[PDB]
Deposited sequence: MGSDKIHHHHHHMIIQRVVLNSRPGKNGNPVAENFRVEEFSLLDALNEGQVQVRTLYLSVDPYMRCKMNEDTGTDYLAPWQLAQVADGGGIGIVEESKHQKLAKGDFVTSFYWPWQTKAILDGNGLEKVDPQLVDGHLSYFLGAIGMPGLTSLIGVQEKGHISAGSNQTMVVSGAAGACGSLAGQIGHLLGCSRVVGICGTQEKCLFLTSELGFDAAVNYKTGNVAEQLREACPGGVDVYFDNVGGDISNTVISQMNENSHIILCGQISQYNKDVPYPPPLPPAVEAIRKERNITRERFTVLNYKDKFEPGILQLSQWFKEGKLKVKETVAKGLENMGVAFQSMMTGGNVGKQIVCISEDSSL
């Protein structure tokens, strides 16, 4: 038994300074052998994520030993969730839901069970795509970063600033920062529509549009008491403006390249820490973390924004849309709504 599947392959590269378009991806049939080795499972793909880090995988050299480049005419891959259809792995049964970071962009797959994590849909009230975002790594990154590195003190009247506030994890800080005890949460953003979405929908107390040129003064209006915590998801000039407004005994969390000397001098004089946050060093916090996120969500205390495209044929269109940076939150493609067995 071979089964015919559809796969999305890298058709062409945009060039390092180029803009990805849907035509950089191609759907192609593939004949997949139905056989399972010891430990393998056959999965049906339900949801796939598209994320900004993937941009560099379309380049021949990703400038990073953390990311392997995608290869021409080969299936792409990333965050995914599916259902087990057949298993030769003791930890997985037909009907289990599983995730991977390296889920291939195809309709069905044969995968090593040891690279899959079983997930429990009751945690997300059956909204399975939330396991790729707010009840997955992005939510966990946001929660563990603040919880473990923010030094938040309930009743201390702290202001936290979050750069890259319209991204999948940055967009959850308005809610998570408040739930975790922060009194004020200010987002930094690239458009007016995004600023108003953060603030009307995602519980940010204020938002700064960094493309409209009076950024320092905007930030000052948003942060009348200065900045106590900075979650830096960008770096560069935005971070230099932000650091200039930081209070004594402040904390910068990078989610470290040297600062300009005048900025470094402010950092030192004001006793500001600046530390890399690496979420994979907090694996023992993951399970309690997902339970917390799930609880908030079920309570209605954590609202999530996702954009969901439909169909494996629309991966390229969704990737392109994701690249225009218009949407707020997690970009998802629904490959199947079929969890039958």
Checklist outcome for this item: Per the record, deposited positions without any C-alpha are 1-10, 266-277
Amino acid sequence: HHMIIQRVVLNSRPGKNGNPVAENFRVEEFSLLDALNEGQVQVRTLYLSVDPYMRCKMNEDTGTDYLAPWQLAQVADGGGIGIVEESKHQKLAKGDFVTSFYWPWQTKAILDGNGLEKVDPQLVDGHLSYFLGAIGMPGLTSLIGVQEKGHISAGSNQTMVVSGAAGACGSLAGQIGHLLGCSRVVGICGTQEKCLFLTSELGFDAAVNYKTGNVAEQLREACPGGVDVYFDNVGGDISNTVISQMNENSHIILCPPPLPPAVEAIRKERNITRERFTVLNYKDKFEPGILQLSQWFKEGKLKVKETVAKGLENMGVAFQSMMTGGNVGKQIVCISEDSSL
From here on, numbers count along this sequence of modelled residues.
Next on the checklist: If you average the CA temperature factors as listed in the entry, which stretch comes out higher, 208-216 or 122-130?
Outcome noted: 208-216
Checklist entry - Per the entry, where is the mean C-alpha temperature factor higher: 11-19 or 323-331? => result 323-331
Checklist entry - Highest Cα B-factor in the deposition, which of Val161, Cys169, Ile83, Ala93? => result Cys169
Checklist entry - Looking at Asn114, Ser244, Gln74, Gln175, which has the highest Cα B-factor in the entry? => result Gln175
Checklist entry - Looking at the C-alpha B-factor of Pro256, is it in the lowest, middle or highest third of its chain? => result highest
Checklist outcome for this item: The third of the chain into which the C-alpha temperature factor of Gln295 falls is the middle
Item to check | Ranked C-alpha temperature factor of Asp51 among modelled chain residues, by third | outcome: middle
Next on the checklist: What third of the chain does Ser183 rank in for C-alpha temperature factor, lowest, middle or highest?
Outcome noted: highest
Next on the checklist: Using the temperature factors of the C-alpha atoms in this entry, rank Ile238 within its chain: lowest, middle or highest third.
Outcome noted: highest
